[PDB]
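In what follows, one protein chain appears twice in different forms, each by itself as structure tokens: structure 1 and structure 2.
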Structure 1
């Protein structure tokens, strides 16, 4: 019996400040796939909400102490009721928060420029001339830091041996791929969005893993199962199909 606090962070095309000449306030400041998703969920489940951006602007990772940051920490501390963002469902996080069923499936892949002999993650691990990395304190960095596969634990050694290999956010990683000889380990959903608007970048290889995005809630929250039921309803109504195609404009790349 009160409006739910929704934590999130800005990232194209999921959550962005809507462009306008007038000054906007409240939830109307935001647009994007995740904003449309929250609006549909709020209508089905019938709740009011307030969008708040996570202060540290991080998704969530654990330090060497076991403490969380980013949106994950907001849920653990019960400072937010829902986390509506491209929040990756991982087994590790399931022990600290609850996830709905996934509303989007994805995988880790590689962002790099076109016209190159590189075709796999193993090609990056076999050399040191081409730098590579990932976003700091994200599920992608966590995947390489926790991996027990020889190739990935070697790539993680290379990522953690260079100070600027791990970037603060997507924009820094994208710009580094453009200005330097650098490949970015990034989730396939954003790669699709970028390669559709930058014809000089492409996805290298396929998906290194397979996972999904889910709505995060504090552990034991009753809204988790309700959000799952709402997500399934949106799938059945083909509304998640429309939403992706609305915000993934298309490849104008010949």
Structure 2
């Protein structure tokens, strides 16, 4: 049977490809994670149907501990694979399985160009420049859970001021372009955006380190096969090639 792949529109990972007509099925999509999926389907010899996650979320918990997003789709066995920039986290590992990472990254800062700012520290110890993160994203959770001084402080700011947190990267990137606002997000998106928007830039370096993995329901037989396939793609340099294909723009 074809595998059900849950995913989520997110540049440059998964996008509707441009067309004069209306496309349907898998042919609708293009992007880094679509190329990854094609590589995985070939190596492992499965067929698949792409389905965008209904609630358009990656996956977070509520106060009662219930999951939404692609994480939930896997938990309920409504999808066999999550092929997306799904950040590997301690908490998510308790609910689903991940392949080994296919991409490594970290939290960093998106901000308009040309300022005294050079680091998170510069950002926390001042007040003129607002800053925030996507609400309930892996990046926000990092600041919430942190015990580091400068990040407990930043979490204090972004959690008190109820305009600091944005609904998604799209809105957050809007804010950096219209207001005096710095977005806390993942370095993969920042590199993509700053290659295409020469008025934006990354502030400082990576403040943590993490990876993206293919999500499967806990105990899936495919997890280990996907890990083997990712290792093969690494050996063949195809993750390098795929990244340069979809990260290119100053």
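Positions refer to the first chain, counted from 1. Under this definition, the rigid core comprises the largest set of C-alpha atoms superposing within 1.5 Å between the forms.
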(request) Report, in Å with one decimal, the C-alpha displacement of residue 128 between structures 1 and 2 after core superposition. (result) 2.7
(message) Fitting the two forms on their rigid core, what distance in Å separates the Cα positions of residue 206 between structures 1 and 2?
(response) 0.6
(message) Could you state, for a rigid core superposition, the Cα shift of residue 92 between structures 1 and 2 in Å?
(response) 1.0
